[PDB]
Each structure stands twice: as C-alpha cells, then as structure tokens.
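Just so you know, the protein sequences line up as chains R and U, in that order.
Numbering of the first sequence is given in the numbering used here, commencing with residue 1 and proceeding in unit increments.
Numbering of the second sequence is given in the numbering used here, commencing with residue 22 and proceeding in unit increments.
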Amino acid sequence: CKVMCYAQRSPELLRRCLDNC
Amino acid sequence: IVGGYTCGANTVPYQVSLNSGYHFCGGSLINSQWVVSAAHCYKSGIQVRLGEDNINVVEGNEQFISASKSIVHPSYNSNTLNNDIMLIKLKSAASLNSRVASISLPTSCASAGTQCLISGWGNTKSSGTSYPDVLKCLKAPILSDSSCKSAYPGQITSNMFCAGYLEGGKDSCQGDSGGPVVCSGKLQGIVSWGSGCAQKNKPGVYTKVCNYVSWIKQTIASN
Ligand SMILES: [Ca+2]
Numbered sequence: 001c002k003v004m005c006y007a008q009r010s011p012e013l014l015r016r017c018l019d020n021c
Numbered sequence: 022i023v024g025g026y027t028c029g030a031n032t033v034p035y036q037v038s039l040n041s042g043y044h045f046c047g048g049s050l051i052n053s054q055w056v057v058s059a060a061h062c063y064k065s066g067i068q069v070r071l072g073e074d075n076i077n078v079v080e081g082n083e084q085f086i087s088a089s090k091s092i093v094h095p096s097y098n099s100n101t102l103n104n105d106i107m108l109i110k111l112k113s114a115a116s117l118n119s120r121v122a123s124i125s126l127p128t129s130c131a132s133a134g135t136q137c138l139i140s141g142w143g144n145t146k147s148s149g150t151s152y153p154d155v156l157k158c159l160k161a162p163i164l165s166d167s168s169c170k171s172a173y174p175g176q177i178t179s180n181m182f183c184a185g186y187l188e189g190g191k192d193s194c195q196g197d198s199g200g201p202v203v204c205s206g207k208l209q210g211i212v213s214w215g216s217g218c219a220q221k222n223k224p225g226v227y228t229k230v231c232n233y234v235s236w237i238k239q240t241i242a243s244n
C-alpha cells in the first residue's frame, strides 16, 4: 500500500496516502 | 519531468496547474469549462491555473479560476490506481485563444512506438528532488503491451499503458500527476504512477484516456 503511495506521480497527498495505509 | 527540456512559454496551451496555496498536480483543458486530471489528485479547495509558464511569478497570460466540481471516476481504486481519472468543472469558462487552448480527446487508441509529449512542473531529479519555476517537456514513445507488463508484473490493467525509456534518465515524476500525455494531437494519457522516476526498466504508467471518451462525454453532458 505504502510503496504504491510512493508510486503515485514529502508532499501532503503522499503523507495522507501513507497515513491511510 | 526528469531528462526533459524547457518547453517555452505557452507552447503547451492546454497544460493546467492545480493550486491550493501551492502546486500539487497538473491537468489538461479539454474545453472552456472542464479539465482532465488524475483521480488520485482529488482534493477540496482547488484553483485551476491556466496559461502558466513560471508558476512562481505573474507574467501576463494566467487565468485563475476556482473549480466548482471535481468528479473522480466511480470505479477508481486507490490501491491499484485503476481508473485514475478525474473531471474538474470550472466555476466560469476560460477565455480561449493561442496561449490557452483545449486539447482534443482521442477518437481511437494509440499504438506502441508512437511519440508523445509529456509536461509538468514535477521534480527534475531521479535521486534527490528539485522543482522548476517554468514548464518542462519530454518526448517519449509508447511501449508494447508485453514490455509494459514485463516491467510491472501483475499491476497493468487494460486502462493503463507505459511510455518512456527502458534505459533510465528520462521520465515523468512526482508533481507531474494529472498532467497530459499528447500523441498526434490527442490526449491519450494522464501522468499516473511509476516505480521511482527515471529508473532503468521502470518506465512511467499512464491512464489510457481512449477508454474514457464516452464517460467523459456523458459526464460532461449531464453536469
Ligand atoms: Ca505565472
């Protein structure tokens, strides 16, 4: 999940995704 | 965009920046009132910024317009990034001219080998990070189905395609998401995801816009 978060093309949206996993 | 070049001011006239006190995604103007971007760039409080070049300085041809609607695909999956597409309605129509212009939707899908133009204000470094002031450009070919599938085993749905360089050095990157992939004058792709930026055997992966034409058209017509 988190690795895929990182895949999306540290900014807030990434951080959200990261937190959400 | 890693390994690309300075586009020149307003030479990509459908390139939009999405802004909420800062730049967070790009998108494409498809008519005077609607923008295509990535579903994964969904947020509240979006300002659409049209005919930008330098996104840190007011230079002359900008239109700042608030989104009145953001319609993320109903079947968007945050885990797979399948159906990674969003429509944004502008609160009012943009003024259209040479420096702000809509880009056509595809009438068929494109094929492997076709050259395309990918643009954005995303990071320019493949290790480390660096964000440009002005718009960056990259010419990149579409890759065969098998080469894409072979680069990302099990992750490529029928609504995705790869484009780029297997050898490294040249790719889209963080910050470019939502942005256009233009091939023979059509919006075929949307900057979506990839495994690093500009890594060998890890090309980029783009939302296949030709599968969404009817959806786009019908969503627009009903909103
Ligand atoms: Ca500007």
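Where a beta carbon is used, it is the ideal one built from N, C-alpha and C, also for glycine.
Span separating the alpha-carbon of residue i from that of residue j
i: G72(U); j: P34(U); result: 6 Å
i: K191(U); j: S96(U); result: 31 Å
i: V37(U); j: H44(U); result: 10 Å
i: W236(U); j: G199(U); result: 17 Å
i: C169(U); j: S53(U); result: 34 Å
i: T128(U); j: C231(U); result: 7 Å
i: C194(U); j: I86(U); result: 25 Å
i: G66(U); j: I109(U); result: 12 Å
i: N104(U); j: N180(U); result: 7 Å
i: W55(U); j: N75(U); result: 22 Å
i: residue 35(R); j: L111(U); result: The structure shown does not extend to residue 35(R), since chain R is modelled only from 1 through 21, so no value can be given for it.
i: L138(U); j: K160(U); result: 5 Å
i: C5(R); j: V226(U); result: 14 Å
i: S213(U); j: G141(U); result: 12 Å
i: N77(U); j: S41(U); result: 13 Å
i: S243(U); j: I106(U); result: 17 Å
i: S113(U); j: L39(U); result: 16 Å
DSSP beta-bridge partners of residue i
i: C204(U); result: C137(U), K207(U)
i: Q220(U); result: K223(U)
i: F85(U); result: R70(U)
i: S125(U); result: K207(U)
i: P162(U); result: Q136(U)
Any non-hydrogen atom of ligand 1 within 7 Å of residue i CB
i: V226(U); result: no
i: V79(U); result: yes
i: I76(U); result: yes
i: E188(U); result: no
i: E12(R); result: no
Chain R contact residues for residue i, given Cβ-Cβ distances below 9 Å
i: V212(U); result: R9
i: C194(U); result: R9
i: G143(U); result: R9
Neighbouring residues, chain R, relative to residue i (Cβ below 7 Å)
i: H61(U); result: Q8
i: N100(U); result: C1, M4
Partner residues on chain R for residue i, Cβ-Cβ distance less than 8 Å
i: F45(U); result: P11, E12, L13
If contact means a Cβ-Cβ distance below 7 Å, which residues of the region 23-49 of chain U contact chain R? Contact residues of the region 23-49 of chain U toward chain R are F45 (C-beta to C-beta distance below 7 Å).
Interface residues of the region 211-240 of chain U facing chain R [CB-CB below 9 Å]: Cβ contacts with chain R come from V212, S213, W214, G215, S216, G217, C218, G225, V226.
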